[PDB]
């Protein structure tokens, strides 16, 4: 599903950026001591999102085992990051926005996974 693959890559790039924006904004909060789990998972999500986009971008010598394993990791980490950001969404707009982006990427990863 070439449109599902392209959408997944796009969501990974959007999500990486939303996650790094969220990490930076949490680091700048006066209440940063209460946001350290959010910062950590934001960073985890950004790192896994860019790696996922990269693996999905390659078609030479395609191996479904690797593609599925990376997609699963990406879905799991986007879910964790979305849940953690959701805990602080009322207090912080950057967290609400990051959660949205994480849910969107999780869904695109699951859709792609189901289709492969």
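Numbering follows the first chain given and starts at 1.
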{"property": "Selected stretch [higher average CA B-factor]: 82 to 90 or 39 to 47", "result": "82 to 90"}
{"property": "Per the entry, higher mean C-alpha B factor between 22 to 30 and 60 to 68", "result": "22 to 30"}
{"property": "Chain thirds of CA B-factor: placement of residue 15", "result": "middle"}
{"property": "CA B-factor ranking of residue 105, expressed as a third of its chain", "result": "middle"}
